[PDB]
Amino acid sequence: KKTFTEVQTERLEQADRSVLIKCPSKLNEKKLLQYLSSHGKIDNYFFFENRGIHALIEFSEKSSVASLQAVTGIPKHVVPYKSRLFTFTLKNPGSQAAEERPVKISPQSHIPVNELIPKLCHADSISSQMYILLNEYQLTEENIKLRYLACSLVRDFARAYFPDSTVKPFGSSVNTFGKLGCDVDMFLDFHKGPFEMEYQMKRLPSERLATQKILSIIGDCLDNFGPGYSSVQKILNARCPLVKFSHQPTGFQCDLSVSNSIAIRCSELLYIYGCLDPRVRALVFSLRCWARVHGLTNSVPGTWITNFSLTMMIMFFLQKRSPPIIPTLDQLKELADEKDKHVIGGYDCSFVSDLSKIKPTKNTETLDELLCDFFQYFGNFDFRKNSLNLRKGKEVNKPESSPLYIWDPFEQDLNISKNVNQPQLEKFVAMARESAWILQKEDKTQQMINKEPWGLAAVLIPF
Amino acid sequence: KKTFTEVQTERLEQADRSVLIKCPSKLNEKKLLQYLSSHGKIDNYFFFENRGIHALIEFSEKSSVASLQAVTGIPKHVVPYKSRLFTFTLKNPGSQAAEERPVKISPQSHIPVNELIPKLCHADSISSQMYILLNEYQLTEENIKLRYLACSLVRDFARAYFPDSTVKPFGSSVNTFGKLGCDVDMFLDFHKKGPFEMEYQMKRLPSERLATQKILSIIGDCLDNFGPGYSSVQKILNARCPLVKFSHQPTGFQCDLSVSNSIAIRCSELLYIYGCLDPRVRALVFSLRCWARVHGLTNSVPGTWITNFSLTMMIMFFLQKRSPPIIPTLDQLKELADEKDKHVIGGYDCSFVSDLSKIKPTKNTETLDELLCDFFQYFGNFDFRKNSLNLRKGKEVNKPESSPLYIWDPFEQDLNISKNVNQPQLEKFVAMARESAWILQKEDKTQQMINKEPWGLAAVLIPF
Ligand SMILES: Nc1ncnc2c1ncn2[C@@H]1O[C@H](COP(=O)(O)OP(=O)(O)OP(O)(O)=S)[C@@H](O)[C@H]1O
Ligand SMILES: Nc1ncnc2c1ncn2[C@@H]1O[C@H](COP(=O)(O)OP(=O)(O)OP(O)(O)=S)[C@@H](O)[C@H]1O
Ligand SMILES: [Mg+2]
Ligand SMILES: [Mg+2]
């Protein structure tokens, strides 16, 4: 089985030797690939629709990019920054010499709620509803390659002066809980004679200020040299210095931070839980959707619960099952060799990487029960006295006054849901309580017969 | 003699395979070159003094740089940008007192005025004074290699984002009129089987002016934050020519980085021709540049003052007007230019002969004694209010615009290169020329030598 870190390395290596080609108006697929193949073998490719037809081409060898860049020219007022974004037109527009087939468009966004509801209503069980949702919403192989490519393009800027750099995606994009249309969270990562011979190199300041200057410049580069980047927003003074930007070629909204290797460990953690049992993913997607539908989450930050916080609450829920659906963080820590040992900023972030080594769950609860039980469980959870600990998998006394306390499983000084206020917590608790009520006391078979919402769909519409 | 463009290409190729090594405190020359030679043959090298001992090493093969970079490490924080700047220390510092010869230091600056004056007084003719000055002030072979290396390093740096880039020096650094301690003017220059026209996505901007501004702004910041040796980085992006100024500590040069101004190069080649044509040309410019500085007619900061470039062009016009001319007019060079020497840039014709052998050598035989005094006499009595200087025609013509001092930009015509100059400064110039000419005419040379006093060039190179 593929370990998180193996998958990152592979995906990055693939995106490394990938390019984006704005295709001709009247397009011939075969002639294009035949032509491109002349520069080297093509492992994968696909087409998508983003203000015209674009194609992602993944070569087998990185040299194929160089080869292809050789024959590529500048449109003779531009900034001559040469990246892996191409525009292909015909030399002789009047030499079209084959039948026109239509190309398959890989979708890059999910169907909206209003269209999803019908499909859910026409399913058999609530279990199947959640799996329909999961399939309609989850990242596709294509979308993923496109996410890693975005990172790969941003990497190329940074390497100008930090040659060993990488830009690594973290968060929902890579932890199996990613849905179509979600943002790409990126962080920039940096790691004889009679003479001692050293390069002269400019010293940097302390961590935080170096970060700020590096991002400020890279931001400006994206804004001024980089094709496709718009709405570049420097938020350098946050707790984690950050640059936000929109990347039009791939259509992703993006977040670029520096060197937070703790967040990665948690992204790997969530990846494990996501990979362990398909019910885990199914449940997160439906409940993330639920939260959005009732206005418990928001696109902008504030007093609301966040998807990440909500996700962690769901992980705690699954830890508490009889028997558990997923092990505690400590239980993974207990199975970690010294090769899986990582200590970062003083904090232990050690846990098993190999998935085979984990004892598969004996739990057999259906998603029907788990969904309603989630609403029941947190609807009757004493938030004022108890806090969520994912290391121990137990309710414990709150170390601090905060309406909703969830123990940051790595930087254990912290409350990840610290932002949440009492009002929003209560609106969450009331929605859970109403939600659980609806599922318990609804007459399923009659709703189907009446052409009405039931199960998942019933709770995925405003009250 | 080689052609401007041939010389640039060669100098750049040499600087391409050159490096800088901050040397040990107690240095052994032989052991160092012996060691460095292991990585490949060394065509040239020398040492200079810039806050400690540095050495320039020019290998015969570019691979020697790669070889040497292989064994070089990072100082164990820093920006890991690997360039051609090295620091060499001793593994066992207290196991040797092997001081070198001590090593010869190639000077990189000229002696000051106060020391130069004696040497001038001690010469025979005014002609010889000017040539002493010329030799004391002009660029040395070493300083030149160091200038091209600066450009070569900035090139590599720029090439981080723009792999096909080149950085070319222009101005006094390469037009034969360069003196020790003058700034390095650089400009950044940019240089199908199958059924497809394949082209990059790039942002379409309004003018080429804006691209320039953004490219320099970023490169400036990169020099400031990531680049080794660069300090005092100043973005002057809104000038007539967008510019970044910076100090480069390894070579100790103050530098000016602009983008893609291939007109200025043509004028740098023009001045190179005039400089190469006759040694009196260079001699006269150096002495008169020095003269101007001494009397406060020029300044280090820009403003109402005449500039060295403007002053240089005035001297070129003077030499055009001789009987017979010491140098041909720009048009006369334009007339001798083949279609290979034809260049049209931004609409402007900048065509003129490159080959120096093709130009008719001057029949003029005036001595520098006469020319110097005649310069002061000529411009002291020049009607600046009516007449303007045209170096294409080599003639006084009516001023196209109200401006105290008008000199026709020989390429971008309908520009006045001395536009900045106001009436007061022009007059202070005219008065200094008039006094200067008077002193040379009515001075009793032999008596001044006998009296242990300044004479000729030295007489006019001290405040009045
Ligand atoms: N308070 C926090 N405490 C610990 N880690 C955090 C916190 N906030 C964000 N992170 C980490 O940063 C990653 C990305 O942040 P978010 O984009 O806000 O959330 P997300 O997991 O990516 O899900 P989305 O983007 O809302 S669908 C999270 O997955 C965490 O690894
Ligand atoms: N007012 C100007 N008008 C036209 N061209 C100019 C002007 N100023 C500078 N240039 C051009 O830029 C080149 C370099 O500018 P400068 O560094 O200011 O002068 P310079 O020739 O290097 O002599 P120095 O540095 O004063 S000794 C000049 O040789 C011109 O080609
Ligand atoms: Mg995210
Ligand atoms: Mg200069």
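Tabulated values for the structure
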| item | result |
| --- | --- |
| Test: residue in the stretch B:214-230 that is at the interface with chain A (Cβ under 10 Å from one of its Cβ atoms), within 20 Å of B:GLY171 (Cβ to Cβ) and of a type in the set (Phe, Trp, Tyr) | yes |
| Sole residue being within 30 Å of B:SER128 (Cα to Cα) and among the basic types (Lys, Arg), chosen from B:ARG266, B:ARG240, B:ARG282 | B:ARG282 |
| So A:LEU388, is it within 26 Å of A:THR306 (Cβ to Cβ) and in a helix (DSSP H, G or I) | no |
| Selected residue [within 15 Å of ligand 2 (Cβ to nearest atom) and of a type outside the set (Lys, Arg)] from B:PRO228, B:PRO242 | B:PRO242 |
| Near pairs, Cβ below 7 angstrom, 6+ apart or cross-chain, from the stretch A:51-77 (of a type in the set (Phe, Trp, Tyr)) to any residue that is in a loop (DSSP other than H, G, I, E, B) | A:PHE59/A:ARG17; A:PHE59/A:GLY40; A:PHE59/A:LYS41 |
| Cβ-Cβ under 9 Å pairs, at least 6 apart or on other chains, the stretch B:166-183 side within 14 Å of another protein chain (Cβ to nearest Cβ) and at negative phi, far side more than 16 Å from ligand 1 (Cβ to nearest atom) and outside any strand (DSSP E or B) | B:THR166/B:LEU12; B:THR166/B:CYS151; B:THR166/B:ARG155; B:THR166/B:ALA158; B:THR166/B:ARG159; B:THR166/B:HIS191 |
| Flag for B:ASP369 being away from ligand 2 (no atom under 16 Å from the Cβ), among the acidic types (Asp, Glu) and under 30 Å from B:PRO463 (Cβ atoms) | yes |
| In the stretch B:19-34, residue farthest from the other protein chains (Cβ to nearest Cβ) [restricted to those that are assigned to a helix (DSSP H, G or I) and of a type outside the set (D, E, K, R)] | B:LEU33 |
| Residue that is farthest from ligand 1 (Cβ to nearest atom), among those in the stretch A:237-278 that are in a loop (DSSP other than H, G, I, E, B) and more than 14 Å from chain B (Cβ to nearest Cβ) | A:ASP277 |
| Counted residues, the stretch A:151-186 - those being more than 16 Å from ligand 3 (Cβ to nearest atom), of a type in the set (S, T, N, Q) and more than 23 Å from A:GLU49 (Cα to Cα) | 2 |
| Filter pass, A:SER286 being more than 15 Å from ligand 3 (Cβ to nearest atom), in a helix (DSSP H, G or I) and either among the polar types (S, T, N, Q) or within 14 Å of chain B (Cβ to nearest Cβ) (or both) | yes |
| Among residues of the stretch A:354-378, those that are surrounded by 19 or more Cβ atoms within 10 Å (Cβ to Cβ) and in contact with an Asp or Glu (Cβ under 9 Å, 6 or more places away or on another chain), counted | 1 |
| Considering residues of the stretch B:184-194 that are aliphatic (A, V, I, L, M) and away from every other protein chain (no Cβ under 14 Å) only, the residue nearest to ligand 1 (Cβ to nearest atom) | B:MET186 |
| Among residues of the stretch B:210-258, those that are polar (S, T, N, Q) and within 19 Å of the chain's Cα centre (by Cα), counted | 5 |
| Residue count for the stretch A:306-326, restricted to those that are surrounded by fewer than 22 Cβ atoms within 10 Å (Cβ to Cβ), in a loop (DSSP other than H, G, I, E, B) and of a type outside the set (S, T, N, Q) | 4 |
| Yes/no for B:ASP224 being under 30 Å from A:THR89 (Cα atoms) and acidic (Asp, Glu) | no |
| Top-ranked residue in the stretch B:56-87 [being within 16 Å of A:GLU196 (Cα to Cα), assigned to a strand (DSSP E or B) and hydrophobic (A, V, I, L, M, F, W, C); ranked as nearest to the other protein chains (Cβ to nearest Cβ)] | B:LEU85 |
| Scope the stretch B:95-108; condition within 14 Å of another protein chain (Cβ to nearest Cβ) and surrounded by fewer than 11 Cβ atoms within 10 Å (Cβ to Cβ); matching residues | B:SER95 |
| Failed criterion for B:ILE126 (all others in (1) away from chain A (no Cβ under 14 Å); (2) surrounded by fewer than 18 Cβ atoms within 10 Å (Cβ to Cβ) hold) | (2) |
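Listed here are the residues, each with its yes/no results for (1) under 13 Å from B:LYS145 (Cα atoms); (2) in contact with a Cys (Cβ under 8 Å, 6 or more places away or on another chain); (3) surrounded by fewer than 21 Cβ atoms within 10 Å (Cβ to Cβ).
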residue: B:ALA15; (1), (2), (3): yes, yes, no
residue: B:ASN28; (1), (2), (3): no, no, yes
residue: B:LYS31; (1), (2), (3): no, no, yes
residue: B:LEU36; (1), (2), (3): no, no, no
residue: B:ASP43; (1), (2), (3): yes, no, yes
residue: B:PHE46; (1), (2), (3): yes, no, yes
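Note that we place each Cβ from the backbone using ideal geometry, even for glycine, and neighbour counts take in every protein chain shown. Readers should treat all values here as calculations from the given coordinates under stated rules, not as data from a laboratory.
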